[PDB]
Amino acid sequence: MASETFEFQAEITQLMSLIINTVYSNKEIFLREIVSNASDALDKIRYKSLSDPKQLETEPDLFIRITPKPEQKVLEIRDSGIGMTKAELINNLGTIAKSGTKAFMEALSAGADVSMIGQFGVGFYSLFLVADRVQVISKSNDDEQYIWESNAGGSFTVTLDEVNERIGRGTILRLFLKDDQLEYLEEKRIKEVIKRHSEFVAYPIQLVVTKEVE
């Protein structure tokens, strides 16, 4: 099952650099950006559902779900939103321009808080504060399940998904956390970051916790 490799738009590889290179504070901010994107994706599928209700049937429950995977140093955030086809993954997550990119970098470099990233429409790339690699696993009603992957170098891959659990519909962000950032695998840390920045999220935010029976 062969990967296809794509080059990032120039200003995205630029934006990526850094965000990872010039940040410093309010990085736990990566999580509000994630949840915000997930909420918007769920907004999209519910809106679409008003005129096309059967779009919901692939996954009738509307949720955002966070699953720490401490063994793998991974944090997953799943939504049952609209999902992205192969072409949408390629276009949304790296090959097309985003209007707000260069303006966010030129901004940042004059003291903008990075919380501002979302106002420019490039909030996805804030995950590189805590992660040195990401896979975005997505399933749209209009396509098969695919995996987009990036380690913040100049290329990304997209591969037909024959390896991950089936998502009925929606997207999983799979963050591979930096060795110094393992705190975001912690139940208390996660709830603390969520209550602060995602109060008026309209969807259930589920946390998956593993407990030894003893």
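Residue positions are given as counts along the sequence shown, with the first one as 1.
- The mean C-alpha temperature factor is higher for 99-107 when 127-135 and 99-107 are set side by side.
- Stretches 109-117 and 71-79 differ in mean C-alpha B factor, with the higher average recorded for 109-117.
- In this entry, the residue among 25, 22, 206, 198 with the greatest C-alpha B factor is 198.
- Among the modelled residues of the chain, residue 184 sits in the highest third by CA temperature factor in this PDB entry.
- Annotation for residue 170: CA B-factor lies in the lowest third of the chain's modelled residues.
- Looking at the C-alpha B-factors along this chain, the one for residue 149 belongs to the lowest third.
- Among all modelled residues in its chain, residue 57 ranks in the highest third by Cα B-factor.
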